[PDB]
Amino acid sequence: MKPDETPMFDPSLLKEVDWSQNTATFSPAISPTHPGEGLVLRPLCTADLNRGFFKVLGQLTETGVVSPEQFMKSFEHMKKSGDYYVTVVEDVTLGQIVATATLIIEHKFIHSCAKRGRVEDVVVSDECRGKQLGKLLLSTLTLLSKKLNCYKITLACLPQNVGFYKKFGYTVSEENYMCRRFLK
């Protein structure tokens, strides 16, 4: 209908992550509960359409042209499933999104009907890169996936960024990542 402040998921899930199990180094110490001065770590809401969500996302990959209807349809579907955790950092002093990252829960029949996590669409605004938000997002979502009882969590990255993800307990798999982009 109209963009609003309704969160995609329960915001308490981020704060109730067992932060003692974080393995990334934070200087100064920040947490999901206290991400830094003037900042809030929270689920995406549809009103964020007008808070520079696509400006941040567009720094990572093309977002093309998006209508409010397109965005809200997509958001509502992600919300309904209960399996999408699109997470943002808002600078409340600006009223603008400065970082985002997504956790997706995928359901399986293998490993006794296991769940597995996927980390996607991670980007911190280029003007906001000294606030440790990338580490905060990855650690929080990785810990959240463990809280949600995932058997494993995976992601893809270019070689130069392997070192970053190793900080959260990820290792390079033996498996190759293969892709087909539909040109027709």
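All residue numbers are counted from 1 along the displayed sequence.
- Look at the mean CA B-factor for 146 to 154 and for 31 to 39 in the entry; the higher one is 31 to 39.
- When all modelled residues of the chain are sorted by CA temperature factor, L60 is found within the highest third.
- Residue-level temperature factors show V122 in the lowest third of its chain, judged at the C-alpha atom.
- For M178, the recorded CA temperature factor ranks within the middle third of the chain's modelled residues.
- Among the modelled residues of its chain, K131 has a C-alpha B-factor that falls in the highest third, as given in the PDB entry.
- The deposited CA B-factor of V92 belongs to the highest third of values across its chain.
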